[PDB]
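Data first, discussion second: the structure below is written as structure tokens.
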Amino acid sequence: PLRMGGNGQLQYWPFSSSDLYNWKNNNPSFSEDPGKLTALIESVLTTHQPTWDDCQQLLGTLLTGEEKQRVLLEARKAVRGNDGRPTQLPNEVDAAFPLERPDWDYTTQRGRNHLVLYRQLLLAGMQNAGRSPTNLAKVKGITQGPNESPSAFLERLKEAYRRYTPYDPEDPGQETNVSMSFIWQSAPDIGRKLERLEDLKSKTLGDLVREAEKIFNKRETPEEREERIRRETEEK
Amino acid sequence: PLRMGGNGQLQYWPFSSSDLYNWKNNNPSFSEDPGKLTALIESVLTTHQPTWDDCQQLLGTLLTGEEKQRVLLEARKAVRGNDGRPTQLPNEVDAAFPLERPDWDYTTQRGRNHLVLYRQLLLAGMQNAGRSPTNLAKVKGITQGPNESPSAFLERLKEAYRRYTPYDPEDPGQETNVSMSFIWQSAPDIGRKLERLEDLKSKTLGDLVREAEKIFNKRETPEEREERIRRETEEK
Amino acid sequence: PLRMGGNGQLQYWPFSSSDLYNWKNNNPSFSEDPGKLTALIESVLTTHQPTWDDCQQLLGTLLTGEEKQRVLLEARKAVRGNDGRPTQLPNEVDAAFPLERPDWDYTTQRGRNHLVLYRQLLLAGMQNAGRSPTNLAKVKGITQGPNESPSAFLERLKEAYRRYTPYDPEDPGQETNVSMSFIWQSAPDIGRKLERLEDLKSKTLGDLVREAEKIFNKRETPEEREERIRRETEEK
Amino acid sequence: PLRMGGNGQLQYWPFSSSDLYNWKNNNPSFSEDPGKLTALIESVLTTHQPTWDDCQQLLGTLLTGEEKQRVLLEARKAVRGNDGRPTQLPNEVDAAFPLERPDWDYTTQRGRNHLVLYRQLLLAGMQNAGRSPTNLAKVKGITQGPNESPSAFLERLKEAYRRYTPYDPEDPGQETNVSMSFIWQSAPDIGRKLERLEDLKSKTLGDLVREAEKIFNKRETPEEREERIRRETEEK
Amino acid sequence: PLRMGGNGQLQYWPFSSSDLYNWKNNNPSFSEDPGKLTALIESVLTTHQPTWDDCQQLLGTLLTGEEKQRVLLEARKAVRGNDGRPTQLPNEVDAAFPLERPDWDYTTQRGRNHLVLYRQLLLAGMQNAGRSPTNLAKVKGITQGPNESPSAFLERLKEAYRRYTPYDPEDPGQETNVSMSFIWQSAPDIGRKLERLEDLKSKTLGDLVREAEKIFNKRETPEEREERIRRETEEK
């Protein structure tokens, strides 16, 4: 990592292995859901201002051999010449995104600019290597658990959209689509009530979550139910 | 994070992911009990002096997509014009609480002031987004376990008040209310003795905990009880 | 935390949450055994030179709501006027141990002195709030386990003295008392041999541990015992 | 560790034990698979710029007594005289790779050069001590699990090549070899389809993984299968 | 801890509790095997350059009350007068190894020298307090497990020599002794083959480990064995 020191000069320190392994362990593999690690790495590329060697550790630690390779070739394919167009000219490709340690000096504007570009291309590589295969069955398979809160269920449903479709569940144009899955795949008592809401067309995803919470939050405690049964006094 | 360097100049460093994940893992979700994370974030906003990007990591890591959205809209709704009144004027709202990365420079008084305001609005957003649904049954359901100390039980009871009522269990005006729940929901031997205390009306919550501890601390060890039984010598 | 920077100026940084949670998780609650956390906090108050806000995080993280309250009132009760005597004068109490954030500036001798006093009073508060209820049965209940080394058993026995009696097991005047519990509550083979030691009155606690280790260290391996049995050749 | 300070002077700090133990715990032992720890140490030797004492902690923590010994003798065997040839002259060997703490001062070009050489020789020692015994059966024993993704299986297969053969599975000359193992040892449905691919000779390892993913990603959900069975309506 | 700052001045920071607890948790107790913690503390005394208070935390965290006491008295017994001989003169003993916080100022050569001596005496104290009781049965009880590699077994065997004998298993004069235990206590197939090696007297401990690995590495996979059995075709 690099940071601007108190003396106006960049200062280097290696990644703590705890950060690298924490990032790995708190995310799905790149293959499972490329968006996760891509977003994490995009962030780190900014906050940690990694050098070329730092980037090798990032990639080497978070990606498998086969994933890293895909990303690196995708990054080299993203290089542009001075005319803003793709280039497969070895010298240009190598200069932008070197596969072997470059002589970039972070204390120089020249070194810094190469680092900026390298990081940008690395990100591009990951974005393009991503392309997670679609599988709508995975989205239909997200069903609210009997103890699962509506907001927790919605987050799992959105994660499935991200991983297994090309649709961003946060896009305004996807709201009715996510809303319909949310209603259909909520726990049955909740889904039946959401379906019956007055002016259903007018409900945002946030509205639906709040309405589902009212039903969920009306969970009718096990103890309460048992007490009712006891006080049933209806025999057979 | 930002801190005043030894040279009188602000110094930046990114959050350690271990801190972010520790904060997440040691607290309930925002939806479960908004007070928990809100108080943690209020503290961090001060001690860590986060930039706008840092705040995005905080929110992005500690809140779900749906929670973050609620908070961000609530924060924008908290923006005030120069006349101290609410404003929905896009330029004013955007200038105070930008949804996209602003050009705020922390080395400038201008940048610092925007950061201060941003953090204040973020906190407001969380406070207002909170509004955890009420559920008195949850408070009545907190019952002292057979091995649970009176002070540990009281902390669980207060946590239920915080999460599932609008009442602050630490307010002086709530003391008799919390006291009555504490007496009623203590383990039966303890509750019966607390109920019989002389000048019960005069007992603070702290007094009641100390009296319950005397009974609890009189637990009559299992070994002791067994020994007594053995030395029973009373046959049938 | 504060530390003297390389430039001769105090430098501030917030507590890592990992430290706070580690301190919490590696100790009993304050109520269970006040000495543990009190000693930890006394140490931290020195090494970490916490500000008033830092102290709020310490207390807020390591103590329950009810424990913190006890400590804070005990700290305010420990305030002394300029005549070295207790004072309940609101302005004096508030000035020494404020319940709300004070304007103390650590870059000023004035601020530093208030911080020193605050920390001293905080410690006093914890020491006085402590007063763990006595329970001799807990001390008598510490019995050496069949696999437990004599030194490990002695440490558990001393911990019970600390938590459940007013006697410090490290005091020279308590040595024979701890020694007698150690002999009586050691594993039976060990206790019978320690009781038979020549010049028993002359044995220190350290001597007794070493003598018990000789017996323990003569554990007669399970394998060895089994082998002996096999080579028994005595039939019925 | 050493790093260039903000003042243009090297700065020393000891390894955090968390890093050392994390490195140990996230890798196989040196004996099991020398490549793992060798690559980790090669990286650290650069990013952390360890002193001679730091190197002793690295080795002492990551290697067993017997492994460290092998490495140290291998490192001393890698020393070269000024004529670029091996030397077993005690003074030359001792000067390059001392077994006891040297007087190297990192603030001097002399000290720095010795440190550079020491680290280079340490790496050489590890590389040469490596020589993991071959065992082709271990490579043939890597079979894709019923829930295991093709990319995860390929990474396990490559790990076995690294640990139990002298062949680098990333070498271009090994691609058909790894490809054949990948096809043969994939789950049976996948392997049969990969074997039937048109222009199979033209498929890279990456192509084969993508083709296997299409089959795997066609997993035919358990729920789906069950539903089909239910709707079977074919009785006996 | 202390370190030389970038400004040529010592800089202080308290131990992270994570380091202290990691050191504790990754080692046997002092009583179990004094060598472990003694070596760890000897290292830390150098890399972390602890003050007197830091040393109290080290000892207080890594040793039990009874162990620390032994160490402290042993350290005071190691103090030497200006004539290089032992001294029990209170003032000399107290000046070298104070039991209560001394006024040592690390910014002074006087303070630094006392710190150096204190650390040296602390180490001496631990070395002398060590003296782990002998128990040859423990060494004979180290037997290679059926899945245990020869190098892993040898490390466990050496650990038993360290903990339960006065012999250093790394001494050149102990090699044949450790070698004989290694051969005798290896898994039976391995031990029988090592015993039959040509020029056995000439085999180093490293040679024996490599020969045992050849046999172990010839483990004859369970799958392989099963396959052989199946293809047995010999019926009864």
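Ligands are numbered from 1 in the order shown, chains are lettered A, B, ... in the order of the structure tokens, and residues start at 1 in each chain.
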
Pull out every residue of chain B that has at least one atom within 9 Å of chain C, counting only C-alpha atoms, and report them as JSON, numbers by chain.
-> {"B": [3, 4, 5, 6, 7, 18, 19, 22, 23, 26, 43, 44, 47, 48, 149, 151, 152, 154, 155, 158, 170, 205, 206, 209, 213, 214, 217, 218, 221, 223, 224]}

Can you spit out the residues from that selection as a PDB file, in the first residue's frame, using C-alpha atoms?
```
ATOM      1  CA  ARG B   3      -6.156  11.981  12.189  1.00  0.00           C
ATOM      2  CA  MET B   4      -4.122  15.073  13.028  1.00  0.00           C
ATOM      3  CA  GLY B   5      -0.533  14.161  12.210  1.00  0.00           C
ATOM      4  CA  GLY B   6       2.508  15.059  14.288  1.00  0.00           C
ATOM      5  CA  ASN B   7       3.135  17.883  11.818  1.00  0.00           C
ATOM      6  CA  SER B  18     -10.809  -6.326  10.588  1.00  0.00           C
ATOM      7  CA  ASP B  19     -12.375  -3.307  12.312  1.00  0.00           C
ATOM      8  CA  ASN B  22     -15.594  -6.860  13.882  1.00  0.00           C
ATOM      9  CA  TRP B  23     -18.110  -4.028  14.206  1.00  0.00           C
ATOM     10  CA  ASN B  26     -20.417  -7.893  17.314  1.00  0.00           C
ATOM     11  CA  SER B  43     -18.762   6.973  17.783  1.00  0.00           C
ATOM     12  CA  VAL B  44     -16.653   6.000  14.773  1.00  0.00           C
ATOM     13  CA  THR B  47     -12.915   8.896  16.497  1.00  0.00           C
ATOM     14  CA  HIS B  48     -12.093   7.850  12.949  1.00  0.00           C
ATOM     15  CA  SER B 149     -27.015 -13.667  37.160  1.00  0.00           C
ATOM     16  CA  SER B 151     -27.174  -8.237  36.357  1.00  0.00           C
ATOM     17  CA  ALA B 152     -26.885 -10.293  33.165  1.00  0.00           C
ATOM     18  CA  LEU B 154     -31.200  -7.018  33.619  1.00  0.00           C
ATOM     19  CA  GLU B 155     -28.923  -6.211  30.673  1.00  0.00           C
ATOM     20  CA  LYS B 158     -32.847  -3.501  28.895  1.00  0.00           C
ATOM     21  CA  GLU B 170     -32.025   4.211  31.237  1.00  0.00           C
ATOM     22  CA  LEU B 205     -33.085  -0.599  39.981  1.00  0.00           C
ATOM     23  CA  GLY B 206     -29.560  -0.883  41.388  1.00  0.00           C
ATOM     24  CA  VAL B 209     -30.197  -5.984  41.418  1.00  0.00           C
ATOM     25  CA  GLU B 213     -27.766 -11.012  43.827  1.00  0.00           C
ATOM     26  CA  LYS B 214     -27.972 -11.813  47.545  1.00  0.00           C
ATOM     27  CA  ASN B 217     -25.400 -15.723  45.512  1.00  0.00           C
ATOM     28  CA  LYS B 218     -27.305 -17.948  48.020  1.00  0.00           C
ATOM     29  CA  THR B 221     -24.443 -25.270  45.441  1.00  0.00           C
ATOM     30  CA  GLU B 223     -22.777 -30.336  45.692  1.00  0.00           C
ATOM     31  CA  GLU B 224     -24.018 -28.820  48.949  1.00  0.00           C
TER      32      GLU B 224
END
```

Write out as a VMD selection string all residues of chain B that DSSP puts in strand (DSSP E or B) for this structure's backbone.
-> chain B and resid 2 to 4 10 to 12 80 86

Find the residues near region 93-101 of chain C: any atom within 12 Å, counting only C-alpha atoms, skip ones fewer than 2 places away on the same chain, and give them as a PyMOL selection string.
-> chain C and resi 51-56+68-69+71-82+86-91+103-105+111+113-125

Excluding region 189-204 of chain B and any residue of its chain fewer than 5 positions from it, enumerate the residues within 8 Å of it, using only C-alpha atoms, and give them as a PDB file with C-alpha atoms, in the first residue's frame.
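Below is the file part.pdb, written as the result:
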```
ATOM      1  CA  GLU B 175     -37.153   3.194  36.337  1.00  0.00           C
ATOM      2  CA  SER B 179     -38.119  -2.353  37.939  1.00  0.00           C
ATOM      3  CA  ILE B 183     -39.235  -8.186  39.562  1.00  0.00           C
ATOM      4  CA  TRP B 184     -41.945  -9.962  37.577  1.00  0.00           C
ATOM      5  CA  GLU B 211     -31.042  -7.743  46.531  1.00  0.00           C
ATOM      6  CA  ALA B 212     -31.498 -10.294  43.746  1.00  0.00           C
ATOM      7  CA  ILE B 215     -30.585 -14.477  46.767  1.00  0.00           C
ATOM      8  CA  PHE B 216     -28.759 -15.695  43.653  1.00  0.00           C
TER       9      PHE B 216
END
```

Those in region 5-234 of chain E with helix (DSSP H, G or I) from DSSP, as a PyMOL selection string = chain E and resi 17-25+34-47+52-62+65-76+90-96+109-130+136-140+150-164+172-185+188-195+200-202+205-216+222-230

Work out how far apart CA of residue 46 (chain D) and CA of residue 27 (chain E) are and give it in Å to one decimal.
->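 Distance reported for this atom pair: 28.8 Å.
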
In Å, how far is it from CA of residue 24 (chain E) to CA of residue 58 (chain E)?
->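 Going from CA of residue 24 (chain E) over to CA of residue 58 (chain E) covers 9.5 Å.
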
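Computed from the coordinates, the CA of residue 28 (chain E) to CA of residue 37 (chain C) distance equals 24.6 Å.
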